[PDB]
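Worksheet: the structure to be examined is printed underneath.
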Amino acid sequence: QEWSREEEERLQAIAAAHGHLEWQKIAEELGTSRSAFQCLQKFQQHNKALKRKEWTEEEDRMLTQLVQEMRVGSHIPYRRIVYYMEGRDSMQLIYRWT
DNA sequence: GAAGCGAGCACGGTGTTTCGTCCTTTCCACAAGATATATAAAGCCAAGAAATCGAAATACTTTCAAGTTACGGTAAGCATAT
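Position 49, counted from 1, in the first sequence is what full-length UniProt numbering calls 343; the numbers after and before it change by one each time, with no gaps.
The following block contains the structure:
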């Protein structure tokens, strides 16, 4: 069965109290009866730290370098930027060049 | 003239070849092997065609990468009001 949007709060609370070291013990203490890899996929999907925020000036240097070095015509492989630049996903990373 | 000095030819050898069996075949022959045929019940071997199932190819599903429409909220420098 899927989540009910009622375990992520306790999940992240216990993970912050323990330090995100051993998810197995966190999953066992939360009492979800599912594998750690099954609840972590939803925790990291509801987590907010995955995204980034307003763009600085120094990162524009890297963004322009990764373009002058492996860009191709009108298409920019933003996946390479996501691989090199951490925090930036694929969806909203296109606005950095649009 | 018969005793002292140089004398043929029958004879006695190997070695080489010839000749003439005994050899095992090729070939042939008289007596007798299935060789045709009649079953017949049994189970198994074994060389051809027809139905069935495994593999996979090209096809369509389906799912996963890209991304640009449409969309909702804040921040700066010029214009304008009493």
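Every residue, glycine too, gets a C-beta built ideally from N, C-alpha and C.
Opposite residue i in the DSSP bridges: which residues?
{"i": "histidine 369", "result": "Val366"}
What's the C-alpha gap between residue i and residue j?
{"i": "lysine 347", "j": "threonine 326", "result": "33 Å"}
{"i": "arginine 304", "j": "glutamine 335", "result": "15 Å"}
{"i": "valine 361", "j": "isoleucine 370", "result": "7 Å"}
{"i": "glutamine 339", "j": "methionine 379", "result": "19 Å"}
{"i": "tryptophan 391", "j": "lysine 342", "result": "24 Å"}
{"i": "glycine 381", "j": "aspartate 354", "result": "15 Å"}
{"i": "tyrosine 372", "j": "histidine 314", "result": "30 Å"}
{"i": "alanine 307", "j": "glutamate 301", "result": "10 Å"}
{"i": "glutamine 386", "j": "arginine 299", "result": "25 Å"}
{"i": "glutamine 359", "j": "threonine 350", "result": "15 Å"}
{"i": "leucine 357", "j": "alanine 311", "result": "37 Å"}
{"i": "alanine 309", "j": "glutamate 352", "result": "33 Å"}
What do you get for residue i, buried or exposed, if any count of 16 or more other CB atoms within 10 angstroms of its CB means buried?
{"i": "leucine 344", "result": "exposed"}
{"i": "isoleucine 388", "result": "exposed"}
Contact check, residue i vs residue j under 8 Å by CB: the rounded distance?
{"i": "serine 384", "j": "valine 376", "result": "6 Å"}
Checklist entry - Quick check: the segment 330–340 against the segment 314–321, are there 3 or more CB pairs under 8 Å? => result yes
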